[PDB]
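Only one chain comes next, encoded as structure tokens, the form deposited in one PDB entry.
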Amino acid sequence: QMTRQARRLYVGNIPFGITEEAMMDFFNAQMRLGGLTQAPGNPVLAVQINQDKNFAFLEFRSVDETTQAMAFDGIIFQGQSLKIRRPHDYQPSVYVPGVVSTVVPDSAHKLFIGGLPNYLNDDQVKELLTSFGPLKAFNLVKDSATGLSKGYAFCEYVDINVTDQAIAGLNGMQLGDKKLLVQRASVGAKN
């Protein structure tokens, strides 16, 4: 697809109070400094922010740079894991070092992390988990009305063998006034 639906992306979980200019500068810097542009200049042309729902739509100058920007899904910016997705009406990439996807599919070793203090942000929870090993995917569940944490997260380690090590280390750990519950997410998932 070459139309505008192929040149825009949904970005959720954006930092509180960020401006459209700051969002544009961030993505332009990440793309240029990552060597991910297809031509001189800035790939991001426009940003439309919905403050009430803390999401933005980015518009890019080209289809290929839009596709490349999908690889930033999960990048940390002012404490937040940016959730990057296609527009739902899009008609259907180089890996970016260090970026951890926010797409956490149900799987054998997907973990549930419960009991997190609600004031911890995505970066802080991710740092807690990454002490055991690098993550393949991670998402801290946010309230659909404030963008504030609901106190639990899901993740998957690159090395499936780290799963049991993280359970052993973190399950039952005191954190603030809470006690963590760490187990494979299949165990406690709804019916």
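One rule holds for the numbers: they count along the sequence shown, beginning at 1.
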Review point. According to the PDB entry, how many deposited residues between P92 and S93 are absent from the model (none, 1 to 3, 4 to 9, 10 or more)?
Key: 4 to 9
Exercise for review: Would you tell me which stretch averages the higher CA B-factor in the PDB entry, 140-148 or 46-54?
Suggested key: 140-148
Point to revise | Higher-B stretch (mean Cα B-factor, as the entry records it), 177-185 or 14-22 | key: 14-22
Point to revise | Peak C-alpha temperature factor (PDB record), options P87, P97, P105, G74 | key: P97
**Study point:** Position of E65 among the chain's modelled residues by C-alpha B-factor, lowest, middle or highest third
**Key:** lowest
Study note, to complete from the structure: For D159, the third of its chain by CA B-factor is the lowest
Revision key, fill the gap. Chain thirds by Cα B factor, record data; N121 belongs to the middle
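Unshown form deposited in another entry; subsequent notes refer to it.
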Check your understanding: Do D164 and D73 move together or apart in the other form, judged by C-alpha distance changing 3 Å or more?
Key -> closer
Practice item. Have a look at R85 and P134: in the other form, are their Cα atoms closer together or farther apart than in this form, given the change is 3 Å or more? Key: closer
